[PDB]
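Peer 1: Could you have a look at this structure, given as structure tokens, before my questions?
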Amino acid sequence: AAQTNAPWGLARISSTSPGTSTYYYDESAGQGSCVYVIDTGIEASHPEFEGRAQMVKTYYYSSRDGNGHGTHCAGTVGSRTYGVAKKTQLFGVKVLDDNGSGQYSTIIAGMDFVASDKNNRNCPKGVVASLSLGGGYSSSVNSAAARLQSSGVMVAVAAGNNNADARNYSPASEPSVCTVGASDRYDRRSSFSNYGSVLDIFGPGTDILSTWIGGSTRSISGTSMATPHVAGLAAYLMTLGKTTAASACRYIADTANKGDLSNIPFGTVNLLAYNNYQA
Ligand SMILES: [Ca+2]
Ligand SMILES: [Ca+2]
């Protein structure tokens, strides 16, 4: 399948080269997979989700996304126009308040929630969780992310936006999950992207167009935007049977575009998420 005039990040995910604008992907499109977006929530009524999104948990007075960040990330995972895996099931877990903020205790509870709740959902092709969030190092936050991965969920986390080594941030620094840095449309490391030995992969993160609240769209930047490209790619590849939740981060790194990015510090992987789709 070919989506013309796609957001550059989708075109980038299916290309050996920067500078193209068509997204190419197997029409299976992540059907039969599930992606949890653990964030400010998801405006499930957005026409872009086509009924494939729903809220499953909130820790606040409402399950509504009053911010937009979670909706944007969920759109990059699985919206019809802006998404990598256009037929995946999206589940929202609102651990972040409408200011984009959340206590680590709540974030941890959300991760343990997903590890259990996947047993209440039909995901025959496998389960992914996207965590476009983080703060300073916490062994308890990392532990929660490691349990979620151990439970059979492909966990994708943002490296963080500090232009610093991700070793000092959580859940970015948990080694067993898939820690995602950000790149721009000219294959440069995004200026704010964390780096370091703990990164597994880069995805598109600068000037990423996706869904927003109020049934709208906008372009924003962050490792928060790179992370759902990887989460959506994992769900897509798992539907194809190419990989599993336990092995998907390694498979994405194995099959990545190698050495394409500029301003990657010595000791950080130079690997850009790539679906290796050939029509
Ligand atoms: Ca290349
Ligand atoms: Ca890792």
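One-based numbering along the chain as shown.
When the header is checked for method, it gives X-ray crystallography, 1.8 Å.
Using N, Cα and C of the backbone, Cβ positions are placed for all residues, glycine too.
Straight from Swiss-Prot, here's the annotation block:
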- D39: active site, charge relay system (ACT_SITE)
- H69: active site, charge relay system (ACT_SITE)
- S224: active site, charge relay system (ACT_SITE)
- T16, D260: Ca(2+) 2 binding site (BINDING)
- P175, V177, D200: Ca(2+) 1 binding site (BINDING)
- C34-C123: disulfide bond (DISULFID)
- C178-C249: disulfide bond (DISULFID)
Peer 1: Using a 10 Å cut-off between Cα atoms, which of these recorded positions sit near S224 (active site, charge relay system): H69, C123, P175, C249, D260?
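Peer 2: Final answer, ordered: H69.
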Peer 1: Out of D39, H69, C123, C249, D260, the recorded positions in the record, which is closest to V177 (Ca(2+) 1 binding site) when you go by Cα distance?
Peer 2: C249
Peer 1: Only counting partners 6 or more residues apart, tell me which same-chain residues put their Cβ under 8 Å from the Cβ of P175 (Ca(2+) 1 binding site).
Peer 2: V198
Peer 1: Which of these recorded positions (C34, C123, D200, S224, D260) have a C-beta closer than 6 Å to some atom of ligand 1?
Peer 2: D260
Peer 1: Write out the long-range same-chain contacts of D260 (Ca(2+) 2 binding site), meaning residues 6 or more apart in sequence whose Cβ is under 8 Å from its Cβ.
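Peer 2: For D260 (Ca(2+) 2 binding site), the qualifying residues are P18, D187, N270, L272.
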Peer 1: Do you know offhand how many angstrom separate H69 (active site, charge relay system) and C178 (disulfide bond) by C-alpha?
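Peer 2: With distance taken Cα to Cα, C178 (disulfide bond) is 20 Å from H69 (active site, charge relay system).
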Peer 1: I want to check the contact list for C249 (disulfide bond): same chain, sequence separation of six or more, C-beta distance under 8 angstroms. What comes out?
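Peer 2: Those within reach of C249 (disulfide bond), by Cβ under 8 Å and sequence separation of 6 or more, are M154, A156, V177, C178, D200, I201, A234.
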Peer 1: State the count of C-beta atoms found within 10 angstroms of the C-beta of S224 (active site, charge relay system), not counting that atom itself.
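Peer 2: There are 27 such Cβ atoms around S224 (active site, charge relay system).
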Peer 1: Of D39, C123, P175, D200, the recorded positions listed, which put a C-beta under 6 Å from ligand 2? Please answer none if none do.
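Peer 2: Close enough to ligand 2 are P175, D200.
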Peer 1: Calculate the distance in Å between the alpha carbons (Cα) of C123 (disulfide bond) and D39 (active site, charge relay system), and round it to a whole number.
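Peer 2: Pair distance, Cα basis, whole Å: 20 Å.
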Peer 1: On the three-state reduction of DSSP, what should I expect for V177 (Ca(2+) 1 binding site)?
Peer 2: coil
Peer 1: Give me the count of other Cβ atoms within 10 A of the Cβ belonging to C123 (disulfide bond).
Peer 2: 22
Peer 1: Inside 10 Å of the Cβ of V177 (Ca(2+) 1 binding site), count up the other Cβ atoms and send me the figure.
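Peer 2: Counting Cβ neighbours of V177 (Ca(2+) 1 binding site) within 10 Å gives 24.
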Peer 1: Whole-number answer please: how many Å between the C-alpha atoms of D39 (active site, charge relay system) and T16 (Ca(2+) 2 binding site)?
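Peer 2: A Cα-Cα distance of 31 Å.
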